[PDB]
**Q** 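Below is one structure. I have some questions about it.
The sequence lines fix the lettering, A, B, ..., with proteins before strands; numbering per chain opens at 1. Note that these values count all heavy atoms, side chains included, but never hydrogens, waters or copies made by symmetry. Counting starts at 1 for both ligands and their atoms, following the listed order.
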Amino acid sequence: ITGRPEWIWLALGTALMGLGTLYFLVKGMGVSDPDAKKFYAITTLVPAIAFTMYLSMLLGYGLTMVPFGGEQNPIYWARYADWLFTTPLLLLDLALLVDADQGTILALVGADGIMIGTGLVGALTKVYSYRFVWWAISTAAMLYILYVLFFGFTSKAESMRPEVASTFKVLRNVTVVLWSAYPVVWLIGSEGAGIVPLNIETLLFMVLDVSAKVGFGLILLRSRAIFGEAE
Amino acid sequence: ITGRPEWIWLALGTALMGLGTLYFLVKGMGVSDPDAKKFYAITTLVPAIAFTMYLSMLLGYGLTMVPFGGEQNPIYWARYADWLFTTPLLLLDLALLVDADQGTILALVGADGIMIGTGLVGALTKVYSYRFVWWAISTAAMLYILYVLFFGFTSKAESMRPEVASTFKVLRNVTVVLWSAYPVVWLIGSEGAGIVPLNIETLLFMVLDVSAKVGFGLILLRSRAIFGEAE
Amino acid sequence: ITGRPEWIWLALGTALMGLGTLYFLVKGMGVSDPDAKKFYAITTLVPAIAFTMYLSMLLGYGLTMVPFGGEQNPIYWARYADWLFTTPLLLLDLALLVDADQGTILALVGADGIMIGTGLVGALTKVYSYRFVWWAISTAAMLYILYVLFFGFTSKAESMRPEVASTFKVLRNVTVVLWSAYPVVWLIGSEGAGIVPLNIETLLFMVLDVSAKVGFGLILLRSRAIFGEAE
Ligand SMILES: CC(C)CCC[C@@H](C)CCC[C@@H](C)CCC[C@@H](C)CCOC[C@@H](CO)OCC[C@H](C)CCC[C@H](C)CCC[C@H](C)CCCC(C)C
Ligand SMILES: CC(C)CCC[C@@H](C)CCC[C@@H](C)CCC[C@@H](C)CCOC[C@@H](CO)OCC[C@H](C)CCC[C@H](C)CCC[C@H](C)CCCC(C)C
Ligand SMILES: CC(C)CCC[C@@H](C)CCC[C@@H](C)CCC[C@@H](C)CCOC[C@@H](CO)OCC[C@H](C)CCC[C@H](C)CCC[C@H](C)CCCC(C)C
Ligand SMILES: *C/C=C(C)/C=C/C=C(C)/C=C/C1=C(C)CCCC1(C)C
Ligand SMILES: *C/C=C(C)/C=C/C=C(C)/C=C/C1=C(C)CCCC1(C)C
Ligand SMILES: *C/C=C(C)/C=C/C=C(C)/C=C/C1=C(C)CCCC1(C)C
Ligand SMILES: CCCCCCCCCCCCCCC
Ligand SMILES: CCCCCCCCCCCCCC
Ligand SMILES: CCCCCCCCCCCCCC
Ligand SMILES: CCCCCCCCCCCCCC
Ligand SMILES: CCCCCCCCCCCCC
Ligand SMILES: CCCCCCCCCCCCC
Ligand SMILES: CCCCCCCCCCCCC
Ligand SMILES: CCCCCCCCCCC
Ligand SMILES: CCCCCCCCCCC
Ligand SMILES: CCCCCCCCCCC
Ligand SMILES: CCCCCCCCCCC
Ligand SMILES: CCCCCCCCCCC
Ligand SMILES: CCCCCCCCCCC
Ligand SMILES: CCCCCCCCCC
Ligand SMILES: CCCCCCCCCC
Ligand SMILES: CCCCCCCCCC
Ligand SMILES: CCCCCCCCC
Ligand SMILES: CCCCCCCCC
Ligand SMILES: CCCCCCCCC
Ligand SMILES: CCCCCCCC
Ligand SMILES: CCCCCCCC
Ligand SMILES: CCCCCCCC
Ligand SMILES: CCCCCCCC
Ligand SMILES: CCCCCCCC
Ligand SMILES: CCCCCCCC
Ligand SMILES: CCCCCCCC
Ligand SMILES: CCCCCCCC
Ligand SMILES: CCCCCCCC
Ligand SMILES: CCCCCCC
């Protein structure tokens, strides 16, 4: 385990997702409101899944070697298994907040699936130049998601409760900034151009992941917006 | 096929899931009620999926060799492919019975996914001691599911029709007893401590599977609880 | 890339799915109706997914070699990854058109999953004779889907708006004819009996895919049936 310099960030990531999971689980114990239960369910599942996949990376299961550039390159494939489930869940949190129509939810989740799936293919592609073709397609899918979060959702929120509008706005901004960093880290890290070494890359992803999941969740679950308006 | 002593239980399992599938399909032919159609759909799909995966194990496709303990260990991975889809379907049957809120359904299905996914990782893990780490996490996810089935669902059922309350109670009890045996069999069988040989392990899983799927389905689909109250 | 004679059909397929995707995306820009948004979302996702998987086949990622018949046989596994997601989406388009009950939708999607999953197992099976066992099970699942599209849906459509009835009828007929060709092509092509060479097989699948996705989508998205009745 300790033979990989990035182990420390995997261990920290595992611990923080674990602690985040336990905290949200305990916090959601005293919740009977059906709307709030949905948000607690979605939001607690996110670090729970991330916990399992961080642990899989820490123990070495979620790592494979991919030959490109005439080298055996360590690729943590478990990230994509995580993101495949957790990024649509995060989008669902946002979509449910603003009472998105079903068509838009399907568009988001579908685009997200394409984003992660093509990122995975890019990560495992042995022809070096083609890795960036997949990166570009995945990034286009991300750009679509970001467009919808801004020019389909933000104007929907203004027509809703002020607490849901303000909470959505914060979470939207957090999401757009944090999510946009991922293709950059991939591009310059071990999966892409290889300018940033894997240990630093792992640190960067860990900071992004904890912020995008536990940070996000802390903001969401402390908000009154997740409760139905009741007396 | 006959070169594996466990083939007989795989063959029997295949036949019983097949027959179970055909029986539920025929039985559901004369059903127009929209609620009953949901239960027939869910409940017929369960042995249909199990049929395909038993057949895959029988024909040898759903088997791989995993090196641990300095041995090549036969691991039937197809079980997890089965359970990944059939256990949430079984939980959906229960959840729909008691008209569970969406948040609770998501919690159940999500926990179930974690249960099966981590069981799969445990099954394929090459570091012997780590297999039991995954077993423990999976078992914790199972315990969460069982907690919800008792302390989130049972009190919901009492507020519903007597036929749905009584049927849920029976199916809940069947589910908790049968499902709890699976981590025990895994732990002592070829995936875990290796005390019980694979042929007996396969027998045990076959008895559990047929009971948890066809047995469960027979109880559910004979009940009046799957029909909306109509005149 | 050009080393495989079928590359031309993969390239054409990629281009046509890409163009189809862009066309539906642009066309759906000026849509606010919640019902129409659902259909645009579903129908645009279908060629988008197919685009990615055609590209994966073109670049060689979505190809593996399967030993059977004492030969190394090129099997494009990416087709199943495509179909796993796009065929239920296509069925959802049809089901939503006729306002299918949830039980029937689950039956369709479930049968479809079995159809594609067993086709995949058949495609990767190393025992030649067993490949056709999987083909038969998959074809039985297809026959179930076709039965439901005719003897569960058609009589539902007649009870609905004339525009939805007529559009459903056309799309149903297109779907039944086109989908039925797939098991035939598989059976006689490289996955099955090997009578038709892979380059021609790839052409046939490309024509079917573009017709079943872009052709289908063009018919659906030009129809008034995807809009709620409004003044
Ligand atoms: C609505 C939305 C959800 C839509 C989703 C968008 C989605 C279509 C985007 C593309 C997803 C697709 C790329 C997933 C591919 C998974 C693949 C990387 C798994 C690894 O297999 C790749 C090679 C080794 O590199 O296997 C060696 C060859 C082996 C023989 C491989 C054979 C097994 C195949 C992998 C079977 C395909 C199953 C499905 C791809 C499962 C989906 C997995 C998940 C990652 C989407
Ligand atoms: C809401 C709920 C549904 C949440 C679900 C909870 C879920 C997160 C729990 C964990 C699921 C995750 C462990 C699934 C892992 C699948 C993996 C075992 C497949 C086999 O690949 C493992 C190694 C060989 O041992 O592959 C050799 C290396 C290869 C290069 C592997 C690369 C391909 C990757 C497998 C791509 C990942 C795709 C997804 C994991 C598909 C999910 C499969 C299913 C089993 C969940
Ligand atoms: C409600 C509906 C959706 C129901 C769906 C119906 C469905 C049950 C029908 C059967 C699906 C099932 C056959 C999928 C099998 C995927 C499998 C082909 C992936 C490739 O792995 C096969 C072998 C190499 O040939 O791997 C070499 C051995 C490796 C060690 C394999 C270990 C990893 C396993 C693949 C883990 C299983 C994960 C799930 C099968 C993911 C589903 C993938 C998708 C194709 C259904
Ligand atoms: C909790 C984890 C999160 C929120 C991860 C989000 C990941 C992304 C937004 C990844 C995007 C990528 C691209 C846009 C292209 C390059 C490859 C990816 C997958 C890193
Ligand atoms: C129809 C099949 C059923 C109902 C199978 C259920 C399986 C489980 C409840 C399995 C649980 C496991 C654990 C709790 C940890 C050990 C590994 C598993 C996957 C066997
Ligand atoms: C857009 C792609 C479409 C509509 C593909 C549809 C594919 C099928 C209907 C495939 C059916 C098969 C069988 C019925 C058995 C043989 C194997 C398959 C998977 C080709
Ligand atoms: C979106 C964040 C991308 C910026 C990443 C900056 C990382 C700087 C770390 C120094 C690079 C290490 C190179 C020498 C080993
Ligand atoms: C490929 C995995 C996609 C599924 C991710 C799980 C989250 C799905 C959320 C469903 C949103 C509801 C749409 C109507
Ligand atoms: C990883 C596979 C999970 C999907 C299993 C299929 C059953 C899902 C049931 C969905 C329940 C509805 C939730 C609102
Ligand atoms: C194995 C992949 C199955 C999921 C395919 C995605 C489409 C699912 C459509 C869901 C229909 C809604 C059912 C209530
Ligand atoms: C085009 C949609 C406008 C809002 C999205 C902001 C785009 C941020 C660019 C991210 C950079 C990724 C490499
Ligand atoms: C803690 C929830 C109470 C109901 C669940 C019963 C737990 C049964 C233990 C199963 C043993 C698994 C090894
Ligand atoms: C049995 C359902 C009647 C409508 C389905 C038509 C069946 C077409 C046969 C397709 C041939 C596949 C090999
Ligand atoms: C070896 C790198 C070759 C450059 C490939 C860049 C492709 C990026 C695609 C963006 C449209
Ligand atoms: C393929 C990238 C798409 C980003 C621009 C958005 C196009 C308009 C979409 C309107 C729903
Ligand atoms: C070789 C066996 C070593 C014991 C591992 C047991 C781990 C179980 C984890 C329960 C918390
Ligand atoms: C991680 C195992 C959880 C089992 C105990 C239940 C904790 C309380 C959950 C309340 C929804
Ligand atoms: C080598 C071919 C052997 C014939 C197998 C055909 C099986 C088809 C199953 C249809 C019930
Ligand atoms: C297993 C093939 C099934 C095709 C015939 C349909 C049987 C009746 C189903 C009624 C819903
Ligand atoms: C509750 C604390 C969870 C921490 C477990 C994972 C940390 C890795 C330690 C090596
Ligand atoms: C309808 C009977 C189904 C039995 C087929 C599978 C049994 C295995 C026989 C070797
Ligand atoms: C918009 C045009 C998309 C075409 C890209 C794929 C075609 C393959 C060219 C070799
Ligand atoms: C992106 C950083 C999130 C900060 C989380 C703090 C939560 C305090 C309520
Ligand atoms: C767990 C055993 C189930 C027994 C099924 C019998 C069904 C008869 C109605
Ligand atoms: C199966 C062929 C479909 C033809 C599509 C033409 C669409 C024109 C409206
Ligand atoms: C990590 C355990 C949380 C302790 C309770 C915090 C207040 C809800
Ligand atoms: C007005 C909301 C600002 C949130 C920005 C957070 C950036 C990490
Ligand atoms: C809208 C601001 C996005 C900032 C992107 C930063 C990526 C590191
Ligand atoms: C396995 C075939 C079932 C025969 C009909 C049973 C009575 C519905
Ligand atoms: C009161 C219901 C009892 C059911 C127990 C079944 C145990 C297998
Ligand atoms: C509530 C009783 C559970 C019994 C567990 C038996 C496991 C073999
Ligand atoms: C492929 C681009 C489509 C151009 C607009 C067509 C009319 C909606
Ligand atoms: C009456 C609808 C006829 C459609 C047939 C299309 C065959 C490809
Ligand atoms: C209902 C007519 C089906 C035609 C099947 C054609 C397959 C090539
Ligand atoms: C909570 C489980 C953590 C396992 C870490 C083992 C190194």
**Q** I want to know whether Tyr80(B) and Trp77(B) have ring centres closer than 6.0 Å.
**A** no

**Q** When you check the gap from the basic side-chain N to the acidic O, do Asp99(A) and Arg161(A) get nearer than 4.0 Å?
**A**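 No, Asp99(A) and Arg161(A) are not salt-bridged.
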
**Q** Give the numbers and elements of all ligand 21 atoms closer than 4.0 Å to a heavy atom of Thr14(B).
**A** 6 (C)

**Q** Show me, by chain and number, every protein residue that has a heavy-atom distance under 4.0 Å to ligand 29.
**A** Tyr23(B), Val26(B)

**Q** Indicate yes or no: does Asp33(B) engage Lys38(B) in a salt bridge with an N to O separation below 4.0 Å.
**A**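 No salt bridge links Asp33(B) with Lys38(B).
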
**Q** Nearest protein heavy-atom contact for atom 9 (C) of ligand 21: which residue, which atom, what distance?
**A** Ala11(B) CB, 4.9 Å

**Q** Kindly indicate whether atom 1 (C) of ligand 21 is approached by any protein heavy atom to under 4.0 angstrom.
**A**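 So far as the 4.0 Å threshold goes, atom 1 (C) of ligand 21 is in reach of a protein heavy atom.
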
**Q** For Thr104(C), check side chain to side chain donor-acceptor pair (under 3.5 Å) against everything at least two apart and list the hits.
**A** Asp101(C)

**Q** Which of the numbered atoms in ligand 21 are under 4.0 angstrom from any heavy atom belonging to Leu19(B)?
**A** 1 (C), 2 (C)

**Q** Under 3.5 Å, is there a donor on one side chain and an acceptor on the other for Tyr54(B) and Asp82(B)?
**A** no

**Q** Please report whether atom 5 (C) of ligand 21 has a protein non-hydrogen atom at a separation of less than 4.0 Å.
**A** no

**Q** Look up atom CG in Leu198(A) and atom CZ in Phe205(A), then write down how far apart they are to the nearest 0.5 Å.
**A**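 The distance works out to 10.0 Å.
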
**Q** With sequence neighbours excluded, tell me which residues meet ring pair (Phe, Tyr, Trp, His ring centres under 6.0 Å) with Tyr76(A).
**A** none

**Q** For residues 9-21 of chain B, pull every pair meeting side chain to side chain donor-acceptor pair (under 3.5 Å), keeping only residues two or more places apart or in separate chains.
**A** none

